[PDB]
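Chemist: sequence plus experimental coordinates follow:
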Amino acid sequence: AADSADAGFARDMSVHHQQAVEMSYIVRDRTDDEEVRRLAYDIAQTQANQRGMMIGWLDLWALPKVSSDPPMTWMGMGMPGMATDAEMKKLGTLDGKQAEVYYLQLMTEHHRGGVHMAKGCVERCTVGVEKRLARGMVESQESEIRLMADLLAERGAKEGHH
Amino acid sequence: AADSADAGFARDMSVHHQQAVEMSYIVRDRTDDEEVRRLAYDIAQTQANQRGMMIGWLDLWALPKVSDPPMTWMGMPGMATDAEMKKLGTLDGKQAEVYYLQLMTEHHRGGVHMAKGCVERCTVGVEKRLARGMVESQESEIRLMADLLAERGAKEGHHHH
């Protein structure tokens, strides 16, 4: 159904993934740093691919990619970790280490929100391949948060302060 | 259903798309030209997305992503060799732009041929639709790249294969 957890997670996580990909494109143009550029490439590759999977499911299921429902309605919460327009703009104005740090801070928050949403699908989704995808995102995003924490410290910084 | 044109197309076009995405990453590293970097972004975005769709279908259908030699199902076209990919990665600026446009033109021509096979043979509605759409979009992109080649004082590459 259009209002299922399976559909809502596919819609919402696709939009979430889209922003991670965009952040990755931006940071790669703002620094020469190999570690951060490689991480950004890996995140872009994985998240674009997973976005295609979820969009492909919605298509196969004949379900709209956009809902009238507020994001997260399927979790009873009608997104977590999404960067604001101002944050995306700021990222694009930074250079070198400052851009690396800001990207790592934004993506850490982004991953945290993502894990929350993926956990929601692990609980509520009914489609096996989608549940498993969500479970894999919890692991991969949590692993990447730990990595980015080290990259931040090595760059003389830490997770964003809210 | 592992032998189907639907499964075969999803497996083979997925591999084909992955290389186009890589080539787009390479050119974006090799030139500062806004127009060609835009084109590369568009292609990387479209093909990464379409590849995810097809891989997602295989996964939902519980079919392996690997098979048969590729293309057996339609009785790979346009794929760059490792050497050609390496060559692109050595080039700068205008030369990188031209070589990317020539390689991707060949790549798209091959992809169109494959997509036409799926238009003829695929039985899954959304997959047939996707293939039909690829024929049109990749053909349009070939036309757009011809203009970009012309602007840069070049033409489609000599046929090496």
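Modeler: Sure, I can see it. Residues are numbered from 1 along each chain as shown, chains lettered A, B, ... in the order given.

Chemist: contact residues of chain A facing chain B?
Modeler: Proximity of chain A to chain B is confined to A:21, A:25, A:41, A:45, A:48-57, A:59-60, A:127, A:129 under the rule CB under 8 Å from any CB of the partner chain. Every C-beta, even on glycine, is put in place using the N, C-alpha and C of the backbone.

Chemist: which of those residues count as buried?
Modeler: With burial judged by 16 or more other CB atoms under 10 Å in any protein chain shown, the buried subset of the residues of chain A next to chain B is A:21, A:25, A:45, A:48-57, A:59-60, A:127, A:129.

Chemist: which of the residues you listed fall in strands?
Modeler: If you go by DSSP state E, these have nothing in strands.

Chemist: the helix or strand harbouring residue A:133 packs against which elements?
Modeler: Assigned by DSSP states H and E, residue A:133 belongs to helix A:128-154. Counting contacts by 3 or more CB pairs under 8 Å, 6 or more residues apart in numbering or on different chains; DSSP states H and E, helix A:128-154 packs against helix A:5-28, helix A:34-60, helix A:96-124, helix B:34-60.

Chemist: ok, now with 6 Å
Modeler: Here helix A:128-154 touches helix A:96-124, going by 3 or more CB pairs under 6 Å, 6 or more residues apart in numbering or on different chains; DSSP states H and E.

Chemist: show me what counts as buried in the helix it packs on.
Modeler: Buried-residue list, helix A:96-124, by 16+ other CB under 10 Å: A:98-111, A:113-118, A:120-122, A:124.

Chemist: what helices and strands are in contact with that helix?
Modeler: Here helix A:96-124 touches helix A:5-28, helix A:128-154, going by 3+ CB pairs under 6 Å, 6+ apart.

Chemist: give me whichever of the ones you listed is most buried.
Modeler: A comparison of these by mean neighbour count, using mean count of other CB atoms under 10 Å in any protein chain shown, puts helix A:5-28 on top with a mean of 22.

Chemist: now do it against helix A:128-154, angle only.
Modeler: Relative orientation of helix A:5-28 and helix A:128-154, computed by axes from the mean of the first three to the mean of the last three CA atoms, to 10 degrees: 30 degrees.

Chemist: what does helix A:5-28 contact?
Modeler: Contacts to helix A:5-28, defined as CB atoms under 6 Å, 6 or more residues apart in numbering or on different chains, come from residues A:37, A:40, A:43-44, A:47-48, A:50-51, A:54-55, A:57-58, A:63, A:67, A:71, A:74, A:79, A:91-92, A:99, A:103, A:110, A:114, A:117, A:121, A:124-127, A:130.

Chemist: roughly how far apart are residue A:42 and chain B?
Modeler: Taking CB to the nearest CB, to the nearest Å as the criterion, residue A:42 is separated from chain B by 12 Å.

Chemist: before I go, just wanted to say thanks for your time.
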